[PDB]
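Chains: A, B, C and D, in written order; residue numbering restarts at 1 for each.
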Amino acid sequence: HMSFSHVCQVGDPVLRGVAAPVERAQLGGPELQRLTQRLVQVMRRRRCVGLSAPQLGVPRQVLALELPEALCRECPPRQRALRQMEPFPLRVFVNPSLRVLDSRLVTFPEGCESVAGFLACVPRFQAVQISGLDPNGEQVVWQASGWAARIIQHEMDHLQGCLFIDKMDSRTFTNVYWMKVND
Amino acid sequence: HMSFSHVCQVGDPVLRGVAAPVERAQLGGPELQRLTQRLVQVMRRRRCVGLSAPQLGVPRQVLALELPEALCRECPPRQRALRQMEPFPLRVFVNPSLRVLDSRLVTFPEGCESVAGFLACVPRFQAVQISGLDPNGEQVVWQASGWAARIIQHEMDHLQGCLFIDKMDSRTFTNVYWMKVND
Amino acid sequence: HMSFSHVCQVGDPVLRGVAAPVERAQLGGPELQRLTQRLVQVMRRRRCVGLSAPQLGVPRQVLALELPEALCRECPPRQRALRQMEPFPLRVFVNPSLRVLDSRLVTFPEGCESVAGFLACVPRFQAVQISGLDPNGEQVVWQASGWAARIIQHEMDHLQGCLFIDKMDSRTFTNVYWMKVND
Amino acid sequence: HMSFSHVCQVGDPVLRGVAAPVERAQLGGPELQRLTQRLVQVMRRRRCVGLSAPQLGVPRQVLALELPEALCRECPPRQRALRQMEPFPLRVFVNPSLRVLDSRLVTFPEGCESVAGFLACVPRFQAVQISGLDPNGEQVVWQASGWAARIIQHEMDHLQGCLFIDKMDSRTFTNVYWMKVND
């Protein structure tokens, strides 16, 4: 028993809508457990550090985030330190809200699994707090900074119908097969 | 002995530079003739209404525009009328400058052979004039409105290192395989 | 009212299934009319000469074919003659079958809206007959040669879960932004 | 300093040519050194396990392979074991030749930086020997099995103008945003 999943690509209106809350009657239930399992499976397959339900075609407020040690480790040390990229365990948020904790802007290239094959530089706040429910209805709060805060912002934007191309420095948009190099 | 040409894709720095002028001594010469012939051939093969030399990898101020009646007629007459699409003959401009004559903005979806496979709505001026040299070196001023004005602006933008993604309504960006249709 | 339609891309398993027949009880009915209208609208929007229901996510044996004079004339007359491209009116086929009338092979580049942005050369039979039902259940037959026969064979292949990449000369596969031109 | 590099995409005829050998006189030389440095830099930026000089536009018999432990550990351990995926240090080979040591075929999905965004299943031999020169002219022979043997075969095919779409199970070709998952 295997099935297919797909990450929706830009043009699909589900990516531009504002996702509906998960109804309380759904908390702790099998449908929501299937959705969270699916999100995490695709995230792990694609090695993407976060993913949201609208990207699997489900217009609900659910997102997952996970940054394993191996992904950080593959980033050259100087880049890792400049991007403040450090590992954190899996968190799934249902009906989350975001508050900015440190509004200083930091710009780095970002991509998106729903705009496959492109990167552009995007300003993001240095630190944010995400608060919401876990799939069982318990309150979860996470204050994060650096690269963790960027991923949180990217996924929360997807629940608002916002993609990185709405916020990018467009002159840095590039196919991934083009890159800057040292001479 | 046929040869290969390619249209450079976003990420290639040639699309973001400011094209150099063509020097007087090159006007009417074989190298400029080869370049104009290649632009026209590509433009006709791809059925694009305009193309610029930076998109063939050549950072020089040369562009070509042509809208055959068949291409207008393939647009549904309602959409054709809304877009004020009318045919025009081939023109090649060398070292052109643009003047805006009617600054009212008109918004429709536009694509770009150097961002293959996407469209987005882009506001453009209603009427403009382009003045420049032909490949032989005679001064031409071409005044146009509606869709022709839009194509002139798109190609002029390429010579200044500007792509439509810099000017779009980003919430309308889409892969070409997603579209709005009538119920 | 407006809605969105999308052409499923390679990877979607709907493109590799064998489409089920339309049941006699659905012939003439409103659900089948909605499907045929949608096919034709996408085909006219994308300027593709044929399209099949699996490509709109509907695993049923329905396809449509149309080559307007305008679209035909966008092809240079030399190339049009070489490919035996001539205009033909809209035909919609339900539960079609194909008979080969002239088994001689003809090889030219073709693309597919469900593998957006690529072409490759594919050998096709020179002449075929498609027979099936129109949406109202009337028996319809069309004997076609040249480019029309190629488009018939490409859409029929979609109903059997076959894409052109299964039959192509793989050394000729190319992004559309690479092309061979005349010196 | 700051310069751009790009991985050529399918359609560029450089990918279908047979790369020329590096001449004796060039071994240990500055031009070869520039090439090998560039190739390794691109390969490391893209995190691709292997890369060949034709893919940077240079039709010469030079390839590079490297699988650091972190990159390897991004693959989940069960898939890593199934694929016999183990880390290995950087090798740059000049004028390599390949000998098959175990002709048993193993099939897994493979991609290619010059066909960005797609995967397909490709059968490869289970064990091979690559013999060639290091950039200094020293003779190096590497006997490899499992996933390393796959990457060596893929890069050696690049030097002969062969891409993985020539050898794939075409019914398994997919955009990377479609995937099979476990329920």
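Going forward, a contact is a pair of C-beta atoms (placed from the backbone, for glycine too) under 8 Å apart; a residue touches a chain by one contact, two chains touch by 3 or more.
J.: Could you compare the number of C-beta pairs in contact for C-D with that for A-C and name the larger?
T.: Ranking C-D and A-C by C-beta contacts puts C-D first.
J.: Assuming a repeat means more than half of the contact pairs shared by residue number, which candidate in A-D, A-B or B-D repeats B-C?
T.: Matching pair: A-D.
J.: Report, in whole Å, the distance between the mean C-alpha point of chain A and the mean C-alpha point of chain D.
T.: Here chain A and chain D have centroids separated by 31 Å.
J.: Approximately how many whole Å separate the CA-defined centres of chain A and chain C?
T.: Centre separation, chain A to chain C: 38 Å.
J.: Between chain C and chain D, what distance separates the C-alpha centroids? Give it in angstrom.
T.: About 36 Å, centre to centre.
J.: Of all the residues in chain C, which ones touch at least 2 other chains?
T.: Only 4, 6, 9, 11-12, 175, 177-179 qualify.
J.: Note which residues of chain C are touching chain A in the complex, please.
T.: 4, 6, 11-13
J.: Given the complex with chain C, which residues does chain B contribute to the contact?
T.: 1-7, 9, 38, 41-42, 44-47, 68, 70-71, 73-74, 76, 113-114, 116-117, 175-183
J.: Touching chain A in the complex: which residues of chain B?
T.: Against chain A, chain B makes touches at 9-12, 16, 163, 165-166, 170-171, 173-175, 177-179.
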